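Because only heavy atoms are used, hydrogens play no part in the values below, and waters and symmetry mates are left out as well, while side chains stay in. Letters go in sequence order (proteins before strands), and every chain restarts at 1.
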Protein chains: 4
Amino acid sequence: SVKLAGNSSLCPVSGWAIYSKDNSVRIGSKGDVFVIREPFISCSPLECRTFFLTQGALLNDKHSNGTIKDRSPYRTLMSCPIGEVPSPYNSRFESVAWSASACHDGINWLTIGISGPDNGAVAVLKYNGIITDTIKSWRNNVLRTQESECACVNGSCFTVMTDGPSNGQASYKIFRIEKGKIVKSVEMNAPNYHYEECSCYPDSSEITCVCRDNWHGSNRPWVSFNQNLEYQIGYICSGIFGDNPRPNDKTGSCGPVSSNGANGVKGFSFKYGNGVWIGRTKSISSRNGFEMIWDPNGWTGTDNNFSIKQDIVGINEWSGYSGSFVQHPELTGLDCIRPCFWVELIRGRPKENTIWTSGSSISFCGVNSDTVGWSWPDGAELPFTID
Amino acid sequence: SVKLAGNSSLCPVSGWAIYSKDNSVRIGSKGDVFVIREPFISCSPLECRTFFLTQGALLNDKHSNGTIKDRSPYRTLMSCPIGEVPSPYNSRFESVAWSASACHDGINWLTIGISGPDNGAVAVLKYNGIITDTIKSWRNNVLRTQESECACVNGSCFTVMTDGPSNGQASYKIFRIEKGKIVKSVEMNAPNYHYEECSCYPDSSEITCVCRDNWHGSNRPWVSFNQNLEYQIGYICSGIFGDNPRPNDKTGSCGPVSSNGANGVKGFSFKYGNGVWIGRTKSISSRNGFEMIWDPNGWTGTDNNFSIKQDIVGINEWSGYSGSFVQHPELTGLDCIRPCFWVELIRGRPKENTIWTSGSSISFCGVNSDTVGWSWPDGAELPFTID
Amino acid sequence: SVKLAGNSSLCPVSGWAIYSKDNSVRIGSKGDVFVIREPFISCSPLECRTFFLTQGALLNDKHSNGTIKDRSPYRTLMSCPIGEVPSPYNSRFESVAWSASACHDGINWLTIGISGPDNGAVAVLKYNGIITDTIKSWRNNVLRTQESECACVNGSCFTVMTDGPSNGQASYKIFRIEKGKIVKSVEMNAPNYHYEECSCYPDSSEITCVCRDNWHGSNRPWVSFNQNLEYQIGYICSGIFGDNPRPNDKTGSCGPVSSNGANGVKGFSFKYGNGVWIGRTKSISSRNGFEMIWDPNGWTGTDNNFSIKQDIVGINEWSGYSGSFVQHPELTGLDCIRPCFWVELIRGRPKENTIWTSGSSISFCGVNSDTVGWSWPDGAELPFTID
Amino acid sequence: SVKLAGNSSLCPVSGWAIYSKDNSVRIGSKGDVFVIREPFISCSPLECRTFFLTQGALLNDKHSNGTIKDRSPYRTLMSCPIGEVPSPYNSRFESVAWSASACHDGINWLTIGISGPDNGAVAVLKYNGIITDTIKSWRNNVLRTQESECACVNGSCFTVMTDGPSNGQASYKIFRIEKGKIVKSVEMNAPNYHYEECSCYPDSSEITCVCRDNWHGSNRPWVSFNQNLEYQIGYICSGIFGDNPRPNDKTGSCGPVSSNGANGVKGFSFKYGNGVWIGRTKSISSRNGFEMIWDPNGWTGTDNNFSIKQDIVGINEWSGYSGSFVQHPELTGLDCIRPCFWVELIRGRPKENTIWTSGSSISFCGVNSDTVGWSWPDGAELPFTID
Ligand SMILES: *[C@@H]1O[C@H](CO)[C@@H](O[C@@H]2O[C@H](CO)[C@@H](O[C@@H]3O[C@H](CO)[C@@H](O)[C@H](O[C@H]4O[C@H](CO)[C@@H](O)[C@H](O)[C@@H]4O)[C@@H]3O)[C@H](O)[C@H]2NC(C)=O)[C@H](O)[C@H]1NC(C)=O
Ligand SMILES: *[C@@H]1O[C@H](CO)[C@@H](O[C@@H]2O[C@H](CO)[C@@H](O[C@@H]3O[C@H](CO)[C@@H](O)[C@H](O[C@H]4O[C@H](CO)[C@@H](O)[C@H](O)[C@@H]4O)[C@@H]3O)[C@H](O)[C@H]2NC(C)=O)[C@H](O)[C@H]1NC(C)=O
Ligand SMILES: *[C@@H]1O[C@H](CO)[C@@H](O[C@@H]2O[C@H](CO)[C@@H](O)[C@H](O)[C@H]2NC(C)=O)[C@H](O)[C@H]1NC(C)=O
Ligand SMILES: *[C@@H]1O[C@H](CO)[C@@H](O[C@@H]2O[C@H](CO)[C@@H](O)[C@H](O)[C@H]2NC(C)=O)[C@H](O)[C@H]1NC(C)=O
Ligand SMILES: *[C@@H]1O[C@H](CO)[C@@H](O[C@@H]2O[C@H](CO)[C@@H](O)[C@H](O)[C@H]2NC(C)=O)[C@H](O)[C@H]1NC(C)=O
Ligand SMILES: *[C@@H]1O[C@H](CO)[C@@H](O[C@@H]2O[C@H](CO)[C@@H](O)[C@H](O)[C@H]2NC(C)=O)[C@H](O)[C@H]1NC(C)=O
Ligand SMILES: CCC(CC)O[C@@H]1C=C(C(=O)O)C[C@H](N)[C@H]1NC(C)=O
Ligand SMILES: CCC(CC)O[C@@H]1C=C(C(=O)O)C[C@H](N)[C@H]1NC(C)=O
Ligand SMILES: CCC(CC)O[C@@H]1C=C(C(=O)O)C[C@H](N)[C@H]1NC(C)=O
Ligand SMILES: CCC(CC)O[C@@H]1C=C(C(=O)O)C[C@H](N)[C@H]1NC(C)=O
Ligand SMILES: *[C@@H]1O[C@H](CO)[C@@H](O)[C@H](O)[C@H]1NC(C)=O
Ligand SMILES: *[C@@H]1O[C@H](CO)[C@@H](O)[C@H](O)[C@H]1NC(C)=O
Ligand SMILES: *[C@@H]1O[C@H](CO)[C@@H](O)[C@H](O)[C@H]1NC(C)=O
Ligand SMILES: *[C@@H]1O[C@H](CO)[C@@H](O)[C@H](O)[C@H]1NC(C)=O
Ligand SMILES: *[C@@H]1O[C@H](CO)[C@@H](O)[C@H](O)[C@H]1NC(C)=O
Ligand SMILES: *[C@@H]1O[C@H](CO)[C@@H](O)[C@H](O)[C@H]1NC(C)=O
Ligand SMILES: [Ca+2]
Ligand SMILES: [Ca+2]
Ligand SMILES: [Ca+2]
Ligand SMILES: [Ca+2]
Ligand SMILES: [Ca+2]
Ligand SMILES: [Ca+2]
Ligand SMILES: [Ca+2]
Ligand SMILES: [Ca+2]
Ligand SMILES: [Ca+2]
């Protein structure tokens with residue numbers, strides 16, 4: 001085993017090739033599939049895994065009742081191989097958690113699982129399944145983290161956590177973790193910014209995170225930093241607005257776009273100089289559809305012009321959260337860090353007339369070979385028997 | 001790990017010994033078994049696996065409705081150990097796919113999964129589960145492939161894909177793939193031929209494929225080629241016609257036999273000089289029954305005489321697709337490439353009054369020791385509870 | 001890996017310590033557990049496995065209907081770790097089979113699976129899952145074999161097969177198999193003997209088999225042989241009669257005991273000079289109960305006196321088949337071959353009012369430390385929902 | 001593989017970080033989950049496992065009827081990875097048992113499973129799954145053991161067993177076991193003490209056990225000993241009484257506290273010089289709630305003062321047994337033996353109106369970093385469909 005270097009650049013990509021689809025909700029109509037939300041993908045040097053927050057319940061069973069609820073003592077972070085349904089019969093137990101992150105440094109898995117009360121939650125860090133550190137809420141108001149993979153460079157892994165209001169100014173911290181132990185942290189000085197649910201990836205030995213402003217931004221905030229946690233902050237400038245909800249596309253801002261700014265959805269983007277690959281919902285108002293857009297000046301420029309759009313999920317179909325994941329050269333044999341992404345396809349409450357909420361997933365990897373747009377939706381027929 | 005050499009000849013065989021039977025449909029009446037079609041077997045130097053195209057659904061569940069439909073965004077290529085039922089609890093996720101192939105080069109698995117819209121489908125190639133290439137539709141008319149194993153010689157693996165009409169002239173391409181990357185391709189110049197769903201195997205460092213003419217041939221077309229993709233084409237000459245439907249046996253042709261030539265079924269045959277081992281249905285008109293026939297001059301000669309017939313599935317029982325698979329010396333310890341075959345046993349629509357279509361499988365390997373004919377049919381009692 | 005020597009003597013034992021219990025039928029009331037009969041245990045240098053003949057159906061499903069029937073094209077030889085229920089989700093596929101044997105030579109598993117028609121059945125031999133030989137019926141009347149483990153000494157494994165009537169004189173052959181290939185066979189010259197379903201074990205480089213006389217013997221026949229297949233034959237002389245059905249105990253015979261001789265049950269015994277450890281049902285008329293009896297002169301002496309009885313299953317509870325299995329020094333670290341046994345606990349038809357027949361199992365290993373009698377029955381409550 | 005040294009001291013700990021939660025009962029409402037009680041955790045140098053006593057039945061099936069009953073021939077010791085539900089599809093079979101212990105010496109697992117009749121029960125010892133010893137009841141009155149992990153130092157593992165009344169003086173024995181063989185034992189001379197269900201851990205090459213007085217003590221008895229089995233005995237002195245039932249806290253005793261002393265619950269404590277970490281129920285009278293208390297003089301001092309309390313399960317929620325488990329340096333990389341604990345959350349009879357009794361579990365590990373109190377209860381909604 002060798003630590004992931006993390007020192008190559010992100011691979012340039014022209015489009016997105018489909019990588020996985022689990023069909024979890026369709027399969028759970030009969031099979032024994034966990035009720036889950038907040039899935040994400042992360043890879044080791046040998047395999048990729050889907051992590052997810054269970055609700056300690058199975059689909060089509062009465063204990064799925066009320067699973068719109070975000071935080072409970074029953075939620076657990078578990079993982080299974082990519083593309084398989086999350087069952088009790090194929091899932092590794094990771095941590096007790098209602099908010100999470102995970103990443104592999106080339107040697108072992110780091111998992112971060114937050115549980116406990118809203119006023120005093122505690123993140124439990126594990127390295128190779130052994131508890132190695134904890135960090136407690138510093139603002140006493142729902143300590144919470146990425147819901148996607150952390151990022152690793154040369155034996156150090158990095159994450160972001162938030163504590164404070166989800167509808168006003170909060171507090172945001174960056175962490176450097178080695179072998180599951182926090183070795184450095186800093187509080188971001190980000191007045192008038194809001195960071196939730198960061199999608200962070202490594203690129204040329206530095207970390208870039210694209211997040212969710214739940215307070216007053218319909219474009220996405222970003223934070224980038226080096227191994228010593230020297231950081232920069234901004235908002236994606238493109239008028240191709242990335243959040244949901246959002247306005248119709250128009251001239252953007254390099255600060256928070258107030259129009260339709262409150263609320264949000266976890267997402268991601270990939271920076272390539274001045275340009276950006278944006279994944280977003282197709283609907284401006286609801287978690288419906290998904291598309292990939294290449295805007296060659298959208299990181300730093302405010303116009304609403306773009307060059308390429310690739311369809312992923314059709315506008316009338318359910319989508320949900322999305323997040324980055326990477327494939328390092330140690331896994332692929334390539335000379336660059338490959339960007340990939342996943343989409344959560346949320347079924348049930350609040351939009352559908354069920355007792356439960358759960359998701360399935362799809363994922364894609366960036367290539368420079370030919371690709372095509374389509375719709376790969378969840379495909380379950382609701383309601384279910386239990387509803 | 002060492003590349004398969006693929007340089008020995010096919011083992012001579014006098015009969016077919018039963019190797020596996022999964023009983024999937026029987027077991028799926030209660031257990032959590034995928035709705036599948038287009039199964040196939042392929043081996044590594046250590047094990048054999050069943051690959052298959054799921055429908056993103058389980059047997060005896062409502063989401064199995066409409067599974068006569070061939071292409072959807074829910075279909076996935078997955079695999080499980082040979083002889084086990086395909087379940088979410090024992091199946092490896094391979095690719096998102098409504099047409100597929102796979103093969104092991106001695107080092108890692110190559111999978112090929114085609115998804116996307118009919119007018120612009122994309123094959124995603126993976127090597128050890130990592131995307132290594134893509135190829136897009138070149139005729140914009142259902143890019144499609146073998147539905148059985150590709151063939152590997154000395155670190156290069158080979159497949160055939162078709163694009164264009166299934167009821168007229170189409171376009172057929174041969175590919176050479178190394179570590180999941182396309183390194184050579186050629187378009188077969190085959191006016192008046194039709195190639196679908198090729199069953200391809202290695203034999204003395206060259207590849208032989210026996211395929212399905214869906215346009216106007218009731219005998220099977222073949223294509224053989226070396227590593228440089230220098231190819232030859234023809235049709236199996238025997239009057240023991242190989243396709244389904246077909247006429248009653250009579251004097252054959254080394255070109256397409258027009259009588260009952262439209263439509264077809266995936267199949268295979270094994271060439272031994274002038275001779276041929278033909279696997280075919282027992283019914284001339286329907287996907288019923290299965291048998292193996294040794295015709296010692298049937299590759300190159302048009303008579304309707306043969307020497308051996310071995311019963312596999314009775315004429316009153318449902319059959320389906322069939323395909324070759326091989327066991328190389330690196331797996332068996334033999335001095336020759338062993339020929340084997342599988343049969344898909346299709347249940348449900350259109351022949352039976354169900355909401356769904358699914359298959360089970362049986363397989364056999366060639367031996368020079370004593371064998372026997374019998375019928376090993378699917379055995380499920382239809383309809384099911386869901387119907 | 002090293003071949004099992006097989007040259008030590010059987011360990012002397014004073015009693016039987018409980019080793020496993022699977023509770024398969026109780027668990028299959030809800031879970032996905034195969035309908036099985038003819039289970040047996042066999043060990044490698046690293047683990048022990050339960051082998052069994054499925055009916056290609058699950059408990060409590062309609063396809064379990066009619067499973068009193070012995071031979072069908074749906075039956076398969078599968079295996080799982082000892083003590084686990086046989087499910088599609090934990091079982092390795094071995095062979096298509098309605099009669100079987102298996103054993104590990106220290107390097108790889110040999111499996112023998114007989115399928116095909118009653119008049120022409122064929123045993124398929126596999127070594128490490130690859131077909132290595134076949135043998136066809138020589139009398140055209142249900143070729144059949146042990147339904148328990150074969151026996152291995154120094155790289156050679158040994159079995160017995162029968163072909164011919166189960167109610168009159170038949171033909172019995174001994175086989176020596178190396179790396180899955182038959183290298184020698186002999187027909188036993190056993191006029192007036194009847195051998196079915198032999199339980200064979202190694203002891204000081206020679207094989208001893210204790211079998212079932214279905215024709216006219218209520219004591220058990222035996223055959224012992226060396227590596228060159230030089231054999232001896234006899235019947236267990238004890239008046240503690242071993243078969244079921246049988247008479248009440250009384251003076252025995254060193255030939256077949258005619259009283260209640262027709263029919264039978266598979267069983268076993270362990271020879272220790274003139275003495276014998278006999279496992280038998282408690283009922284003289286039905287497959288009910290089970291007990292272990294130490295008769296210090298019962299191999300060669302005809303009295304009905306014995307020294308020790310250990311209860312295993314109570315007289316009012318269902319039992320079934322039983323068989324030997326051993327644990328070699330390569331597995332245990334001991335200086336002798338440890339004797340063990342299993343019992344099949346048959347539920348359903350013919351004795352119970354169900355549509356199905358299936359079994360669970362228990363097993364024990366011989367020790368020289370303290371032990372105790374009890375009853376470890378199946379414990380399912382019949383009928384089931386499907387009945 | 002190397003023997004665990006067991007020569008470092010217990011790690012000092014300021015609080016308890018949540019490690020696992022299985023949600024078994026919730027999941028078993030639909031999935032195939034064993035009815036279990038008497039779970040426990042134990043670790044190797046590579047992983048931690050949950051061991052448990054099944055009832056040979058699944059939740060929400062008829063065979064779960066009557067599972068308030070403690071001892072039957074259907075109960076089996078099995079194990080699964082920590083945090084996963086105990087299912088037939090993920091559980092290793094260990095032993096036939098209605099009382100058990102297990103522990104890993106660094107090389108292989110030792111399991112101890114007691115079965116047989118109440119008047120003559122036999123413990124079967126296995127090492128790497130092979131029977132290595134037995135010990136029979138010496139008082140003919142329910143030979144029984146820890147229901148939690150045994151303790152290993154330098155290749156010797158240690159346990160305690162009891163035989164005789166649970167409501168009066170009984171007989172208690174300590175065992176030293178090497179490679180699954182009993183090499184030493186001694187009968188504890190403990191007139192007027194009562195020891196049941198010991199929770200034993202290693203600490204500086206010696207073993208400390210904290211147990212249950214079911215006769216006449218509401219504080220917990222302890223026994224400590226070196227590798228030669230030279231032992232000391234006493235009761236935890238603290239007026240923070242550890243058993244359930246118990247009185248309200250008040251001045252304690254270093255002998256058995258008679259008030260509310262009959263009956264009990266399995267538990268544990270960790271000694272740190274004069275101090276103690278006590279895990280106990282929150283209710284004085286019922287198996288409800290759970291908490292950890294640090295009493296810095298509570299091992300040797302009788303006051304009812306303590307310094308820290310951490311909430312684990314709320315007073316209105318069901319709890320159950322609890323026990324210690326450790327993580328050795330060979331697993332963690334630490335310089336001390338880490339203390340952890342599990343809690344069984346009992347559902348069903350006698351407190352709830354069901355046909356069955358079963359449990360789920362939670363576990364925590366000791367840390368010197370920040371922690372928080374909460375309630376992590378079972379969460380199933382009873383009764384179930386079967387009731
Ligand atoms: C998922 O959770 C939902 C929400 O709890 C649940 O639906 C609810 O089911 C309950 C039980 O059927 C309903 O509660 C009843 O409502 C009626 C009508 O208002 C009341 O009269 C009932 O109270 C009487 O009966 C009780 C029991 O005898 C007495 O204790 C009480 O004093 C009254 O006499 C009772 O409250 C409730 O109306 C529904 N709610 C909705 C929106 O449907 C659903 O069943 C759960 N699903 C699963 C699978 O668990
Ligand atoms: C397991 O297998 C058993 C045995 O087959 C099966 O029980 C049988 O079920 C069938 C279907 O219910 C029964 O067959 C019927 O018997 C009646 C009474 O004799 C006949 O009148 C019926 O025939 C009429 O109806 C048919 C259908 O419309 C017509 O085709 C026919 O011409 C007649 O009009 C029919 O034969 C049979 O009686 C039982 N047998 C027993 C012993 O119960 C059982 O249901 C199977 N269980 C499972 C779970 O699969
Ligand atoms: C088939 O390919 C094998 C594997 O490469 C050939 O065997 C090798 O031959 C070369 C050149 O003569 C030797 O240097 C190697 O030592 C051989 N390797 C092994 C593992 O045997 C073989 O000659 C080829 N052809 C046939 C028909 O066997
Ligand atoms: C199988 O699928 C068909 C096609 O969707 C279902 O038919 C629909 O059923 C709904 C509910 O009754 C109606 O609103 C539509 O009129 C039907 N559509 C069509 C196109 O027929 C059918 O009900 C499904 N069958 C089962 C057994 O699930
Ligand atoms: C605990 O046991 C370890 C393991 O045996 C001891 O470390 C060994 O000490 C011996 C004798 O001094 C050396 O020869 C070995 O090289 C040591 N082995 C290892 C792996 O370190 C250690 O001294 C003991 N005690 C404590 C408190 O650590
Ligand atoms: C749970 O087990 C009890 C005890 O065996 C069952 O009670 C028996 O039920 C049968 C069928 O009604 C009767 O013949 C007996 O009179 C009952 N025996 C006793 C001792 O009560 C009970 O029915 C079972 N309950 C469930 C829900 O399965
Ligand atoms: C608590 C604020 C946070 C970010 C806005 O809300 C998230 C929004 C969610 C959402 O918008 O769907 C679901 C998340 N499970 C929830 N996170 C937690 C920890 O509860
Ligand atoms: C699309 C043409 C092609 C070959 C004739 O049709 C196949 C025939 C089928 C058939 O004859 O059963 C089923 C195959 N799933 C289908 N392939 C695809 C990709 O849809
Ligand atoms: C065919 C004769 C043979 C030995 C007497 O009958 C066996 C008896 C059986 C029995 O007595 O229960 C069940 C066996 N499954 C059957 N064997 C086969 C191959 O059918
Ligand atoms: C038999 C006495 C013993 C300790 C008091 O009872 C235990 C108490 C139990 C309890 O208090 O819940 C359940 C245990 N399963 C039981 N142990 C056995 C072996 O039956
Ligand atoms: C990246 O790190 C590797 C691994 O240590 C090192 O050898 C290489 O020089 C670095 N430089 C790059 C990618 O330019
Ligand atoms: C990677 O980390 C190691 C360990 O701290 C350090 O010695 C080395 O300089 C680092 N390499 C780079 C390229 O930063
Ligand atoms: C096999 O491929 C290797 C690597 O390309 C090549 O050098 C070698 O010549 C090939 N062997 C044969 C027998 O063609
Ligand atoms: C048994 O065989 C072993 C392994 O080859 C050999 O070394 C030994 O001498 C034999 N003799 C015995 C058990 O007496
Ligand atoms: C064991 O078999 C090997 C291979 O045939 C042989 O050379 C050896 O003599 C045999 N050993 C004994 C003790 O029979
Ligand atoms: C550990 O056990 C070994 C083997 O018995 C022994 O020789 C050694 O002295 C023991 N070590 C300690 C530290 O007691
Ligand atoms: Ca089920
Ligand atoms: Ca927003
Ligand atoms: Ca732009
Ligand atoms: Ca045709
Ligand atoms: Ca011919
Ligand atoms: Ca008889
Ligand atoms: Ca005698
Ligand atoms: Ca007490
Ligand atoms: Ca105190």
Side-chain angles (χ1 to χ4, degrees), chain C residues 15-33 43 46-48 50 60 80-90 311 313-314 317 327 331-334 338 340 360 362-381 384-385, chain D residues 28 30-35 54-66 72-78 87-97 113-138 143 179-182 386:
Chain C
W16 301 90
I18 197 163
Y19 193 54
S20 75
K21 182 173 205 311
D22 53 22
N23 293 307
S24 304
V25 182
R26 285 171 61 94
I27 290 160
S29 183
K30 173 174 171 174
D32 293 343
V33 175
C43 307
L46 300 176
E47 67 166 6
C48 303
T50 309
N60 237 353
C80 69
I82 189 180
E84 300 185 20
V85 301
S87 82
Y89 322 137
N90 75 334
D311 293 343
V313 175
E317 302 284 2
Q327 301 184 332
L331 176 65
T332 62
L334 298 174
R338 168 173 277 183
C340 303
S360 76
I362 55 181
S363 74
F364 300 72
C365 286
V367 293
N368 276 310
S369 59
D370 292 335
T371 60
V372 68
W374 207 28
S375 180
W376 292 267
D378 173 75
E381 181 198 69
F384 277 13
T385 307
Chain D
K30 172 170 170 180
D32 294 336
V33 179
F34 283 117
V35 178
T54 78
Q55 296 272 19
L58 305 184
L59 283 167
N60 236 354
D61 177 72
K62 72 178 184 170
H63 294 87
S64 71
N65 194 6
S72 83
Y74 317 113
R75 303 205 71 174
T76 63
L77 177 69
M78 303 186 78
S87 170
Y89 318 137
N90 73 338
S91 299
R92 180 179 290 173
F93 175 80
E94 304 287 359
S95 208
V96 183
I114 298 171
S115 194
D118 287 356
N119 67 2
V122 171
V124 172
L125 287 70
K126 294 172 176 186
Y127 188 71
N128 201 17
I130 304 301
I131 298 177
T132 51
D133 217 344
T134 65
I135 178 274
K136 195 160 180 184
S137 183
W138 68 91
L143 174 70
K179 301 194 159 300
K181 182 108 163 73
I182 298 158
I386 201 64

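Using a 4.5 Å cut-off between heavy atoms, D:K126 contacts chain C through its side chain alone, with no backbone atom that close. Using a 4.5 Å cut-off between heavy atoms, C:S375 touches chain D through its backbone atoms (N, CA, C, O) alone. Neither the backbone nor the side chain of D:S137 comes within less than 4.5 Å of any heavy atom in chain C. When heavy atoms are compared at a cutoff of 4.5 Å, C:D22 does not approach chain D at all. In this structure, chain C has no heavy atom under 4.5 Å from any part of D:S64. For chain D, no part of C:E47 is nearby; none of its heavy atoms comes within less than 4.5 Å. Of the atoms belonging to C:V367, it is side-chain heavy atoms, and not backbone ones, that fall under 4.5 Å from chain D. Both the backbone and the side chain of C:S29 come within less than 4.5 Å of a heavy atom in chain D.
At distances below 3.5 Å, not a single donor-acceptor pair connects side-chain atoms of D:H63 with backbone N or O atoms of C:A380.
Taking all atoms of both residues into account, the shortest heavy-atom contact from C:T371 to D:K136 is O-NZ, 3.0 Å. Pairing each heavy atom of D:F34 with each of C:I27, the nearest pair is CE2-CD1, 3.6 Å. In terms of heavy atoms, D:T134 sits closest to C:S369 at OG1-OG, 2.6 Å. Of all the heavy atoms in D:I131 and C:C365, the pair that sits closest is CD1-CB, 4.2 Å. The shortest non-hydrogen separation linking D:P88 to C:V85 is CB-CG2, 3.8 Å. Across all their heavy atoms, D:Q55 and C:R26 have their closest contact at O-NH2, 2.9 Å.
Geometrically, C:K21 does not engage D:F93 in a cation-pi contact, judged by NZ or CZ lying under 6.0 Å from the ring centre and within 45° of the ring axis.
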Stepwise side chain to side chain contact (heavy atoms under 4.5 Å, CB included) test for C:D32 and D:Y89: CA-CA 9 Å; C:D32 293 343; D:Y89 318 137; 3.7 Å; yes
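To the nearest 0.5 Å, atoms SG (C:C48) and CD1 (D:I130) are separated by 5.0 Å. Here CG of C:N23 is found 6.0 Å from OG1 of D:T54. Values are rounded to the nearest 0.5 Å. To the nearest 0.5 Å, the span separating OG1 on C:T385 from CG on D:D61 amounts to 7.5 Å. Put simply, NZ on C:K30 and NZ on D:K62 are 14.5 Å apart, with the number rounded to the nearest 0.5 Å. Atom CG of residue C:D370 and atom CG of residue D:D133 lie 9.5 Å apart, to the nearest 0.5 angstrom.
If you tally non-hydrogen atom pairs under 4.5 Å between each of D:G56, D:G31, D:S72 and chain C, the highest count goes to D:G56. When D:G113, D:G120, D:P117 are compared by the number of non-hydrogen pairs under 4.5 Å with chain C, D:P117 comes out ahead.
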